[PDB]
Amino acid sequence: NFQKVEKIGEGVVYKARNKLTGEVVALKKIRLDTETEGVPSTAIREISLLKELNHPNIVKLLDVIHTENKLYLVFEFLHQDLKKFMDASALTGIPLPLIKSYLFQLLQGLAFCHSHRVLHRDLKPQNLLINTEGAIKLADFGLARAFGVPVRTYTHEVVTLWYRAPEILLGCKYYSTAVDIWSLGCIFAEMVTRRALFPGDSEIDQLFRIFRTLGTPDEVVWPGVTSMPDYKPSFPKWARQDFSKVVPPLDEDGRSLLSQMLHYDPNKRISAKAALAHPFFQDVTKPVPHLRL
Ligand SMILES: O=C(O)c1cc([N+](=O)[O-])ccc1NCCc1c[nH]c2cc(Cl)ccc12
């Protein structure tokens, strides 16, 4: 009874409406690399469990449907995302109390999925859904390949690297939950400054933009970095910039927390659970955004 109303993202995502009840959902259609072989059972097993793992700051997975050549994921629908909201707020800034609320909520959602050994892997502002009630939710998890979904390969894919953790760019074979903390730290700085922190346009440009701000990492601040697969001794050596320059005019509580979310060493980067205890959040509230829907 659900019909496509409108394309809302590009898998490709549609606003779908029930032609009798009015109910609206987000329908995500993921094309596969095969026309006949469908999705392996083990991937459907892993995806399906997330229907029963719920948190207020994670988008709700409503149904999973698979065919010989497609995977469909049905999600709850929200009208807006943080990318759109920052663009609408870009000339003035999202107010600090709302920045703080959104960051706290996103840490709550990450603490939940990391506690269940699920990573997001691809956090971006456009993947963070917001509503009129002040909630923000993690969406568009980068789980297709981790679960074994045989997604269609795209030979000329243009990937946004801006939020990617430096251990990923240096070729780490195993990701940790810390990759999501890095991405969220980047998004935190973007809401504060109204500009993306590290908008690189290739993997080496992404790395060098990080290096020119936080300093070229070495064994002193990131033990093991020089053994990472894509580390090069010939990297240019940039001095570290102070966080007072990176995120003015964030107060020292916020700068403190941001420095721990952007720690080079993923083993020392603050956990989502520990970040919730940070003094930055001692006056946190739940304001509402003014949305033009
Ligand atoms: O967002 C997507 O596009 C997506 C794509 C695939 N995929 O393609 O394999 C699988 C899952 C996806 N989302 C899961 C969202 C979710 C609901 N409840 C959760 C509980 C935890 Cl702990 C962690 C995550 C969730």
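By convention here, the first residue in the shown sequence is residue 1. The figures here come from the full heavy-atom set of this structure, side chains too, leaving out hydrogens, waters and symmetry mates.
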Could you note down all residue pairs passing ring-ring contact (aromatic ring centres under 6.0 Å, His included) where residues 160-187 supplies at least one of them, sequence neighbours left out? none
For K124 and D140, what are the C-alpha separation, side-chain angles and deciding distance, and is it a salt bridge (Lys or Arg N to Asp or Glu O under 4.0 Å)? CA-CA 9 Å; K124 303 190 280 193; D140 308 310; over 6 Å; no
Side-chain donor or acceptor of [X] paired with backbone N/O of [Y] under 3.5 Å:
X: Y264; Y: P166; value: no
X: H116; Y: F112; value: yes
X: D63; Y: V74; value: no

Would you call [X] and [Y] a side-chain contact if the rule is heavy atoms closer than 4.5 Å?
X: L71; Y: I44; value: yes
X: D122; Y: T160; value: no
X: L107; Y: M261; value: yes

Determine whether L62 and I65 fall in the same hydrophobic cluster, where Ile, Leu, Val, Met, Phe, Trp and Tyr are linked whenever their side-chain heavy atoms lie under 4.5 Å apart. yes
Following the transitive rule for hydrophobic clusters with a side-chain heavy-atom cut-off under 4.5 Å over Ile, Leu, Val, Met, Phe, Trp and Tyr, establish whether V288 and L103 coincide in one cluster. no
Side chain to side chain contact (heavy atoms under 4.5 Å, CB included) evaluation trace for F77 with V5: CA-CA 12 Å; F77 175 80; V5 162; over 6 Å; no
Can you confirm whether more than 12 heavy atoms, excluding those of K173, are under 6.0 Å from its NZ atom? no
Under the side chain to side chain donor-acceptor pair (under 3.5 Å) test, residues paired with [X] that sit two or more places apart:
X: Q105; value: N57, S101
X: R255; value: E252
X: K60; value: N54
X: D283; value: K100

Sole residue of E190, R194, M191 in side-chain contact (heavy atoms from CB on, under 4.5 Å) with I94: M191
For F243, all residues meeting ring-ring contact (aromatic ring centres under 6.0 Å, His included), sequence neighbours excluded: none
Run the ring-ring contact (aromatic ring centres under 6.0 Å, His included) test against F188 and tell me which residues pass, sequence neighbours left out. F280
Closest non-hydrogen atom pair between [X] and [Y], with its separation:
X: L106; Y: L138; answer: CD2-CD2, 3.9 Å
X: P40; Y: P150; answer: CD-CD, 3.7 Å
X: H114; Y: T177; answer: CE1-O, 3.3 Å
X: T34; Y: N69; answer: O-CB, 3.4 Å
X: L262; Y: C186; answer: CD2-N, 4.0 Å
X: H278; Y: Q260; answer: CD2-NE2, 3.5 Å

Would you call the rings of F235 and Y231 parallel, tilted or perpendicular if under 30° counts as parallel and over 60° as perpendicular? perpendicular
Is there any salt bridge (charged side-chain N to carboxylate O under 4.0 Å, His left out) pair reaching into residues 222-235, and which pairs are they, with sequence neighbours excluded? none
When rounded to the nearest 0.5 angstrom, what is the spacing between [atom1] in [X] and [atom2] in [Y]?
X: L82; Y: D87; atom1: CG; atom2: CG; result: 9.5 Å
X: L27; Y: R17; atom1: CG; atom2: CZ; result: 14.0 Å
X: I204; Y: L161; atom1: CD1; atom2: CG; result: 11.5 Å
X: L78; Y: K137; atom1: CG; atom2: NZ; result: 6.0 Å

Do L143 and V149 pass the side chain to side chain contact (heavy atoms under 4.5 Å, CB included) test, and can you show the C-alpha distance, the side-chain angles, and the key distance before you say yes or no? CA-CA 8 Å; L143 285 162; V149 184; over 6 Å; no
Residue pairs fulfilling side chain to side chain donor-acceptor pair (under 3.5 Å) with at least one residue in residues 211-226, sequence neighbours excluded: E219-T226
Any side chain to side chain donor-acceptor pair (under 3.5 Å) involving residues 284-293? Give me the pairs, sequence neighbours left out, ordered by first then second residue. none
For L291, side chain to side chain contact (heavy atoms under 4.5 Å, CB included) partners two or more places apart: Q80, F85, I130, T132, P289, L293
Side chain to side chain contact (heavy atoms under 4.5 Å, CB included) partners for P236, two or more places apart: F208, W238
